[PDB]
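Student: Return atomic coordinates for the entry below.
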Amino acid sequence: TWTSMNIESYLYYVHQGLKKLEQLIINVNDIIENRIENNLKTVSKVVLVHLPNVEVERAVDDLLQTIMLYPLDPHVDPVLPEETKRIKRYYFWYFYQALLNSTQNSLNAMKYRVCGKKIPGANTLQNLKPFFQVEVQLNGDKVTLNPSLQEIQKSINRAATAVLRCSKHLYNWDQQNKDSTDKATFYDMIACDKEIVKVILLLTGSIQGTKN
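Tutor: Residues are numbered from 1 along each chain as shown. I have put the structure below:
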């Protein structure tokens with residue numbers, strides 16, 4: 001600071017590094033904070049039972065896209081940030097949890113609101129299910145739904161199982177290609193989680209109450 005030089009240039013060079021980094025973060029903001037967020041909102045909003053591939057492609061593409069951001073999927077060799085690298089992975093795992101949880105919250109909302117079938121609308125694969133009509137007569141002189149009501153619940157469970165296997169075999173951010181990048185164990189975990197196994201009891205209980 002005595003000849004009044006080189007300090008403005010050092011300050012300007014650090015400013016240059018900081019503006020380049022502020023840039024790179026503005027990248028990451030743009031590139032992560034909204035496309036995969038809106039994809040997550042869509043994944044949450046997808047009604048699995050009935051609604052009158054896409055987001056899977058989308059998530060694979062978001063992976064390759066984030067990979068374009070120079071992210072250290074392997075640790076930097078000269079820096080050796082082995083601990084460092086796994087924290088973005090824990091965050092991306094929390095986000096993958098938010099994705100599977102979007103699907104899971106949908107699944108659970110539907111498992112709860114099965115009872116009003118006429119109110120929601122169905123998609124093509126699920127044409128037989130909505131507001132199910134059953135024939136009633138004197139089966140062996142006894143008034144019954146001619147299709148066994150138990151059978152109709154097994155048809156509801158067959159729709160549920162088609163949906164559940166479609167949702168268990170996915171290609172999400174971790175499952176990139178046939179679960180190659182990461183396993184699909186969270187989906188069988190969800191299948192044995194309360195929203196499925198414990199709500200089967202509530203389903204069958206309301207069903208037996210209808211029978212009652």
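Student: so how far is stretch 53-61 off the chain centroid?
Tutor: Chain-centre distance of stretch 53-61: 11 Å, with C-alpha atoms, centre = their mean, to the nearest Å.
Student: Contacts for it, please.
Tutor: Outside of stretch 53-61, the residues within contact range by C-beta atoms under 8 Å, 6 or more residues apart in numbering are 35-36, 39, 42-43, 46, 99, 170-173, 176-177. In short, each C-beta sits where N, CA and C put it, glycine included.
Student: Now do the strands in the chain.
Tutor: Assigned by DSSP state E, the chain shows strands spanning 136-139, 142-145.
Student: How far away from the center of its chain is whichever helix in the chain runs longest?
Tutor: Determined from DSSP state H, the single longest helix within the chain is helix 82-112. How far helix 82-112 lies from its chain's middle: 7 Å, per C-alpha atoms, centre = their mean.
Student: Mind giving me the packing neighbours of it?
Tutor: Judged by 3 or more C-beta pairs under 8 Å, 6 or more residues apart in numbering; DSSP states H and E, helix 82-112 is in contact with helix 35-45, helix 149-168, helix 185-191, helix 194-211.
Student: and the last one, what does it pack onto?
Tutor: Using 3+ C-beta pairs under 8 Å, 6+ apart as the contact test, the elements touching helix 194-211 are helix 82-112, helix 149-168.
Student: Residues contacting the last one, please?
Tutor: Contact with helix 149-168 is made by 48-49, 103, 107, 114, 125-126, 128-129, 132, 134, 145, 184, 187-188, 190-191, 196, 203-204, 207, 210-211, as judged by C-beta under 8 Å, 6+ apart.
Student: Run the chain-centre distance for that helix.
Tutor: Distance of helix 149-168 from its chain centroid, counting by C-alpha atoms, centre = their mean, is 19 Å.
Student: Can you list the buried residues in stretch 19-38?
Tutor: Neighbour-count burial for stretch 19-38, counted by 16 or more other C-beta atoms under 10 Å, picks out 32, 36.
Student: hang on, the earlier thing: what inclination does the longest helix of the chain have with respect to helix 149-168?
Tutor: 160 degrees (axes from the mean of the first three to the mean of the last three C-alpha atoms, to 10 degrees).
Student: Tell me the buried residues in helix 82-112?
Tutor: 85, 92, 95-96, 99-104, 106-108, 110-111.
Student: Likewise for stretch 1-20?
Tutor: Buried-residue list, stretch 1-20, by 16+ other C-beta under 10 Å: empty.
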